[PDB]
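Q: I'd like to ask you about the structure that follows.
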Amino acid sequence: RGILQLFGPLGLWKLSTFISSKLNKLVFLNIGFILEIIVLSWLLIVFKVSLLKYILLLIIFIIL
Amino acid sequence: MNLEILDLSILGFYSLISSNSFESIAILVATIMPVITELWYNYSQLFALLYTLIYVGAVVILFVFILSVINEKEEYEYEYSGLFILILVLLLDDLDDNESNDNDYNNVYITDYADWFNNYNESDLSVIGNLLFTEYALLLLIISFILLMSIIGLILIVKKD
Amino acid sequence: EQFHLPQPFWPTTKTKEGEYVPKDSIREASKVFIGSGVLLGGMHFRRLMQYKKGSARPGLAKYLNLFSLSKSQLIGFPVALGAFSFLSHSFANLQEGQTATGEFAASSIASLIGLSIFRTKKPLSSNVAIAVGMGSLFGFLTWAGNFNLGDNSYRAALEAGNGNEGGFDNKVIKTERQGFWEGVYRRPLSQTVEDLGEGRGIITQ
Amino acid sequence: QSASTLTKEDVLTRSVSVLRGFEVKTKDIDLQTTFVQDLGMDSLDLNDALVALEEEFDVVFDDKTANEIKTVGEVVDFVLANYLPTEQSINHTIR
Amino acid sequence: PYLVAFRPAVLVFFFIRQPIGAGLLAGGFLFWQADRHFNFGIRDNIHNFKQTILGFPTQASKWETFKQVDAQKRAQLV
Amino acid sequence: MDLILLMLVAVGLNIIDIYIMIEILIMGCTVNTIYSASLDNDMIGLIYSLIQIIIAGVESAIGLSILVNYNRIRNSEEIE
Amino acid sequence: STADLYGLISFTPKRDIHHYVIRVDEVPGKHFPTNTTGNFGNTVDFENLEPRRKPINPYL
Amino acid sequence: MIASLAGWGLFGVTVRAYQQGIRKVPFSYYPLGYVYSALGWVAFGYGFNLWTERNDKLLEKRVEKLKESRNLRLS
Amino acid sequence: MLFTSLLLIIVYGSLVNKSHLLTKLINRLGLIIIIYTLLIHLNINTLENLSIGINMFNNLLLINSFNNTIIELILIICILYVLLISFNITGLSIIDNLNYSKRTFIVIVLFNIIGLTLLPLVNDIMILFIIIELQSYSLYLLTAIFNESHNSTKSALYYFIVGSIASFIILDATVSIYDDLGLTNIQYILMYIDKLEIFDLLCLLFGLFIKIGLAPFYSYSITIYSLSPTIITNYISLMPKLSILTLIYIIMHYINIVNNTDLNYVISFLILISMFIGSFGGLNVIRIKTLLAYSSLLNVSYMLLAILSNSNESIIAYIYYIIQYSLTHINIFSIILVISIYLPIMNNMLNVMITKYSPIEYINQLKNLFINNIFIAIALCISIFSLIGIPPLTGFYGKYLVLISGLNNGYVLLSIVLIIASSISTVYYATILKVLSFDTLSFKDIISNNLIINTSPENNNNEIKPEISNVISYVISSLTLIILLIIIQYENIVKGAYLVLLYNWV
Amino acid sequence: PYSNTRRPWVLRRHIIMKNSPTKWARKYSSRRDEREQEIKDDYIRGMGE
Ligand SMILES: CCCCCCCCCCCCCCCCCC(=O)OC[C@H](COP(=O)(O)OCCN)OC(=O)CCCCCCCCCCCCCCCCC
Ligand SMILES: CCCCCCCCCCCCCCCCCC(=O)OC[C@H](COP(=O)(O)OCCN)OC(=O)CCCCCCCCCCCCCCCCC
Ligand SMILES: CCCCCCCCCCCCCCCCCC(=O)OC[C@H](COP(=O)(O)OCCN)OC(=O)CCCCCCCCCCCCCCCCC
Ligand SMILES: CCCCCCCCCCCCCCCCCC(=O)OC[C@H](COP(=O)(O)OCCN)OC(=O)CCCCCCCCCCCCCCCCC
Ligand SMILES: CCCCCCCCCCCC(=O)OC[C@H](COP(=O)(O)OCC[N+](C)(C)C)OC(=O)CCCCCCCCCCC
Ligand SMILES: CCCCCCCCCCCC(=O)OC[C@H](COP(=O)(O)OCC[N+](C)(C)C)OC(=O)CCCCCCCCCCC
Ligand SMILES: CCCCCCCCCCCC(=O)OC[C@H](COP(=O)(O)OCC[N+](C)(C)C)OC(=O)CCCCCCCCCCC
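Chains as they are written, first to last, in the entry's author numbering: chain L, 579 to 642; chain J, 1 to 161; chain Y, 12 to 216; chain T, 44 to 138; chain f, 2 to 79; chain K, 1 to 80; chain h, 123 to 182; chain d, 1 to 75; chain N, 1 to 347, 365 to 523; chain a, 101 to 149.
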């Protein structure tokens, strides 16, 4: 009833609720929001590919 | 002194401080005019005139829509900006105007050699039409198809009936 | 004698001894730290201009609040990314190559350093829990061969003759070990003793 | 967006402050506080208060309700049930 | 060609309405024209800084490559 | 200045101002096509430039009609 | 047989910048709308054109 | 080939019988529907068998070339 | 046939008077047009002849056996979609009259079908830009066909703006390539595949990724699909993906020639993020169309892994997956349109407002479907289990074939992540099934005369009145049994996908 | 006549018209110019043969 729930249903439910609540705030009809994300993605073309894992770490920081 | 640099400097200043929708429909016209003039004086006078013939008709239709949708919102609203942050932003932007990093391609001047073989000498628009109406006639007929769809599309969107 | 444990690791090209010129860890971390701080700080002051241009429009304000970064995040993010780049290169130089353990250590420490800056108002054990989770993800990323195995894939092996296109034949026995993606009908018994060891039914009882 | 963000405690709190700026007998105003008895408003003072409470909350009392209002709590009930944010331009929401 | 006709009209009206904003914009415009005309090299050195920091082949980088080949080729003959 | 997305401050705060940005952005593609075609003395690039201008004008009309009808929907009571 | 058949079909031969499929059947520029003889830089002889690379049809 | 087309018609009977459950009618309602459904999938079944018979012929011809290609590789 | 018959229908629709019956009969004429288009296309295009790749119209178009299969799939799915507007979906006028109130509905579909079928064939950058505009404009006009609807117009505004930004990105990529090489034909550009900047083609793919709703550009498609009418959302959420993904496969086929692994890593980054968002995004949602929007984002990520690997096993994976996913998409939306007849009627908390465009808008409006219609509820369960990937349904072989191609190319991380993504997304797929059935016994003996279906009259009280119309019932029966019983013909179907070649030859 | 072949000023100075995925790559990403510098270097290296 302890660690196997934290690393199981109860723990993953809290993780899912936290992550899904973040994603629910990103779906709203707004021109400025989607334009910023489109233009931001252009940096993947500019950046050298070795920086992908740093962008991955930065994105996980923003989830918090 | 290339005075087109000054024109774009003023235009960039007015795009940062623009508040209402009428100023935006003026940023568009303040953009096509430098394009038309620079095309006229450097690269293509044909396309300088095509831009004027087509974009102006689009601009007036754009302007008439502003009249029907102007909604009092941004006349009385306030903006903060700051004169110092505007000019500093434009200064940093003006520092880097090298869109290309091939220094030799940007610094070394080139020439072309004329030949007399073309004795049938006609305008660029005649060759463009010659190819467009013969070899790329499919492209022209699809464009005609897309123009037809817009006619039907505009009616099924706007017409209440 | 050493224990004979299974080794579930995907194939990777192994640099010969004397190879692997190391990468300058401080220099590489400097580029990530400076470039990130310039962008994050620059995008911060760009968004303040968008604030000043309009604050009576709820639609713009809602979208700007999502992308807004706190002051401790504007400092913590470049530091965490810079420490990550430094520690990832520093450990890679130590081990003559990049390993999943090195990336796990580099990511968890970099996360904990950043978390202790922009997540000050949370319990210390909470920050360590996230750092262990973050470090495990990047260790798993390296263990799986980053985004693709590349020259170690089966398709690459099949193009180099190291696959199983020609089939198998029991009469052929090879002293050297088979390729990672290669299968054989019969093996030298010495290889089995090297893998399993003697004992519970190998050679002896 | 186009929904109310009003609570019963805020509407009461804003109602009390707007009623405090008038010449009332007592400054101790709650939901049960009557206009004629506790605060002491005649015909004209009451309608000055109603319009003042209209401007604060951007609501308009109907004629039937306004003529029959007795207590401060009735106003708080009316504001909570009838308040709507004003429609914005086609650009305020989507942009 | 319409910018040649409009430019006197826009410039004077720009100074009338916003004399300080116009003077700052026009002053900066003239300063860079003085940099180019009188070979102050300020804009070129900024360009050389941007290429060095972003990993582009600079003018000095391409000349160093030539000097490395030049020394390599001479020894190949001597 | 481009990488910090300075262009996001130059775009106005109306839906029509987004339309103007799209037209300007597409017009940048056509100017680049005309410039390359003229240097190469290639009429295929100029045919491409002409196609871009016509097509860019089509979407300008289609987008305008959507915005026109969007404004009509708000002014729908029309008791007059 | 089923294992053998899948090995043949699922094998992907390598492609690089030296071998790949280009679907062009003839050389352009035999005729132009006007001024076919330009600077005489067209050195391709259409009277003695060598045979082209005919595409392979596996079902033929 | 009758056995194959027999199954396809029986598939069409199943499709109609399942549809009757969707519409909540007795399975004996309008018995001609099974005949119509059975023939419609026999027609699809006959075309399907021609498609598969063609595919096996094409696969053999391609496999012969692929074996020659593999023999060169295995050297 | 499409172009010729479209002109007649355009003129004919404007000539006759406006009535719901006439619009419905004009829609049936559109059904006949697509059927004749399919018959003519089948009569002349065959897989064996098109294996080499045949140029048409001064090499502006290039059709091969890989392109041809997708064209026939597009025509077949478009046939199934037109049955929705050409026949009764529910049989009740308050719901069905919406599909007959717009006479230009069928015209826009025929306009878009032309754009859908020509897009995979593009062989020139000039025609690539023209066609991608033709497809996009028709989608905007279809999204705004109901112009008296506030949400429908708002979606079309969002669709136009985002899709114009992507088109500019696509145009900007082609202009850069023309600037580099001075060439417009794709096969000519292939001769210089080693010298042009390959990331100029990644910019071209980025604009295509926006138009398929890939992360991080997923936000607008999730918003648009939820706000649009269910009949509109059924089309726009599936049709653009059939053509654009096929075009992405052909572009990635050319990109793999130079083997740029940096480009492979950026795409893998977008696939990885889309799996995370597609699975975790749907966990906390209450709208069914919002849930299906994340399902679409997740299944696109699965297909893009096959497109990214881009090998012989990838052709089979992509071809099979796109066919079976289209049928599952069609089957689910057909059931959702039908089951609005079982909605309770008032005679209230949360002030829930339901409109005529989307009568089924929340997941819990599917409650007690196991009681109201057991056969339809099972049909919906089979489709949802197929999306989950329960064998031996079609959805299992789709994931199995995708994994084979992905793991064969060394994409160990993406293969593991998708299987974790499949498990996470199973949580919200199961929630549909929980709503359908889990309260059957505690509700079996209840009196439900307050349904929408109960408002319909009865003819004679001696006849048997079917509760669902003939055509829509047969389509649901056919597709559900195909999904269920694919094991019977799986071997023969996958042998056909072996023959579909994209310049393999030998 | 010898002339430069640079892009128009409006292309490389307009606040909005200068921003695109390929223009940022040409201006801020060295991936393209690294490859093309190899071609130029081969010209001088190959002189000796
Ligand atoms: C024959 C010459 C005609 C123009 C002479 C007048 C010069 C004024 C500026 C002309 C265009 C320069 C760039 C301006 C772009 C549009 C920005 C704008 O909003 O207009 C500027 C004008 C000044 O208003 P101001 O008080 O300074 O700022 C607002 C303070 N809250 O705010 C206004 O709304 C007034 C605008 C009046 C209508 C102008 C319509 C545009 C005409 C452009 C034709 C020339 C093309 C541009 C050439 C110069 C390029 C920089
Ligand atoms: C006169 C000065 C002119 C300045 C011009 C630049 C404008 C300011 C922008 C800040 C600098 C960032 C962009 C730098 C260029 C783009 C990256 C790049 O190309 O690499 C350059 C730099 C050095 O790397 P280098 O090895 O020298 O280049 C290859 C040489 N063969 O590589 C780097 O290390 C750059 C640092 C990048 C790492 C930080 C970015 C990741 C974290 C922030 C993420 C931003 C948001 C995420 C966007 C993606 C969203 C999906
Ligand atoms: C420079 C600007 C900032 C950079 C933005 C980058 C945008 C593109 C990157 C791709 C992510 C697309 C998702 C939508 C973009 C999110 C927009 C955004 O930045 O808003 C921040 C958002 C809100 O969070 P919140 O803290 O509540 O708001 C701030 C309050 N001041 O916080 C979020 O929820 C953002 C997280 C969204 C979920 C993305 C997760 C993607 C998968 C990452 C993990 C990959 C899984 C595999 C891991 C194993 C490998 C290690
Ligand atoms: C033997 C059985 C084995 C099977 C078990 C396998 C699962 C093992 C994983 C266990 C980890 C999850 C369980 C514990 C998580 C608990 C989440 C949580 O409590 O929220 C923490 C915090 C929010 O704070 P709050 O919850 O409100 O209060 C603090 C309570 N002390 O918010 C947080 O800090 C959460 C961290 C932010 C989200 C980080 C996201 C990282 C990337 C996603 C992780 C999964 C990656 C999957 C990638 C593919 C997805 C398709
Ligand atoms: C890989 C090694 C083998 C592991 C096999 C898979 C085990 C997964 C854990 C069980 C989850 C479960 O069962 O999901 C069911 C649970 C039910 O939760 P509940 O009891 O109703 O409490 C929840 C409600 N409360 C707290 C209010 C009472 O929903 C959840 O929590 C939702 C989160 C779903 C996350 C699923 C991700 C699965 C990833 C698997 C690989 C890491
Ligand atoms: C309420 C009812 C619940 C469920 C009951 C289940 C009843 C099952 C009835 C089966 C009838 C039967 O026997 O069909 C058999 C016939 C004849 O097979 P054949 O031509 O010899 O092929 C040989 C079969 N091998 C390979 C196993 C030897 O094929 C069929 O018709 C196939 C069934 C159609 C399945 C859908 C996939 C094919 C369409 C392709 C479109 C992409
Ligand atoms: C050459 C092979 C095919 C031959 C037949 C095909 C056309 C059949 C039309 C007959 C007339 C008709 O359908 O009449 C209408 C009937 C009855 O409708 P009901 O629901 O009982 O209405 C009640 C009618 N009352 C009130 C008079 C009682 O519908 C049917 O029976 C439906 C069966 C349709 C079969 C579709 C097959 C699709 C195969 C798809 C493969 C990809």
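Quick reminder that beta carbons are idealized off the backbone N, C-alpha and C, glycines included.
(1) I'd like to know if J/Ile-85 contacts chain Y, where contact means its C-beta is closer than 8 angstroms to some C-beta of that chain.
(2) N/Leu-61 lies in the beta strand (DSSP E); which residues open and close that run?
(3) So with Cβ pairs under 8 angstroms, would you call N/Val-300 a contact of chain Y?
(4) Using the beta-carbon of each residue, which ones in chain N are nearer than 9 angstroms to d/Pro-26?
(5) Taking the beta strand (DSSP E) that N/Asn-55 belongs to, which residues open and close that run?
(6) Are f/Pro-58 and J/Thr-37 closer than 8 angstroms when you measure CB to CB?
(7) Name, please, each residue of chain f whose Cβ falls closer than 7 angstroms to the Cβ of a/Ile-144.
(8) For K/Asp-40, which three-state DSSP category applies?
(9) By how many angstroms is the C-alpha of L/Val-617 removed from the C-alpha of J/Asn-101?
(10) Should L/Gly-589 be flagged as near chain Y, meaning a C-beta pair shorter than 8 angstroms?
(11) Can you give me, in chain order, the residues of the region 416 to 446 of chain N that have a beta carbon less than 7 angstroms from any beta carbon in chain Y?
(12) Do the region 45 to 63 of chain d and the region 2 to 15 of chain d touch if we need at least three Cβ pairs shorter than 8 angstroms?
(13) Can you find a CB in chain K that lies within less than 8 angstroms of the CB of L/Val-624?
(14) Name the chain Y residues that come within less than 8 angstroms of T/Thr-136, Cβ to Cβ?
(15) Can you grab the Cα-Cα spacing for the pair N/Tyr-379 / d/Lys-24, in whole Å?
(16) Near ligand 5, which residues have their beta-carbon closer than 7 angstroms to a heavy atom?
(17) Using beta carbons (cut-off 8 angstroms, strictly below), is J/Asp-115 in contact with chain f?
(18) Tell whether a beta-carbon distance below 8 angstroms holds between N/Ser-432 and Y/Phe-158.
(19) Closer than 8 angstroms is the cut-off here; do at least three beta carbon pairs connect the region 22 to 41 of chain K with the region 127 to 141 of chain a?
(20) So within the region 87 to 122 of chain N, which uninterrupted alpha helix (DSSP H) runs reach at least 4 residues, ignoring any that extend past its ends?
(21) In the DSSP assignment, find the alpha helix (DSSP H) that holds f/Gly-29 and state where it starts and stops.
(22) Nearest by alpha-carbon distance to J/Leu-16: which of K/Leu-67, K/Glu-77 and K/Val-9 is it?
(23) Scan the region 482 to 495 of chain N for residues whose Cβ lies nearer than 7 angstroms to a Cβ of chain h and list them as they occur along the chain.
(24) What residues in its chain sit with their C-beta under 7 angstroms from that of N/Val-511, if we drop five residues either side in the sequence?
(25) Applying the 10 Å Cβ sphere with the 16-neighbour rule, what's the burial state of Y/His-100?
(26) Under 8 angstroms: do the region 145 to 157 of chain Y and the region 109 to 117 of chain Y share three or more Cβ pairs, one atom per stretch?
(27) In chain order, what are the residues with a CB under 5 angstroms from some non-hydrogen atom of ligand 7?
(28) Which residue from J/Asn-98, J/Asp-112 and J/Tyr-113 puts its Cα closest to that of J/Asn-106?
(29) Here's the rule: buried if 16 or more other CB atoms are within 10 angstroms of the residue's CB, otherwise exposed. What is L/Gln-583?
(30) Skipping 5 residues on each side, what residues in its chain have a beta carbon closer than 8 angstroms to that of T/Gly-83?
A: From the atom records:
(1) yes
(2) 61 to 63
(3) no
(4) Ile-481
(5) 54 to 56
(6) no
(7) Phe-67 and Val-70
(8) helix
(9) 22 angstroms
(10) no
(11) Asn-425, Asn-426, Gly-427, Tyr-428, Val-429, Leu-430 and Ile-433
(12) yes
(13) yes
(14) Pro-69 and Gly-70
(15) 25 angstroms
(16) L/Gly-586, L/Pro-587, L/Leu-588, L/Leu-590, L/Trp-591, L/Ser-594, N/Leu-283, N/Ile-437, N/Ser-440, N/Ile-441 and N/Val-444
(17) no
(18) no
(19) no
(20) 93 to 96 and 105 to 118
(21) 20 to 38
(22) K/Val-9
(23) none
(24) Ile-316 and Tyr-320
(25) buried
(26) yes
(27) d/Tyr-30, d/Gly-33, d/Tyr-36, d/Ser-37, d/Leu-39, d/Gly-40, d/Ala-43, d/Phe-44 and N/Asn-487
(28) J/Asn-98
(29) exposed
(30) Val-67 and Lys-68
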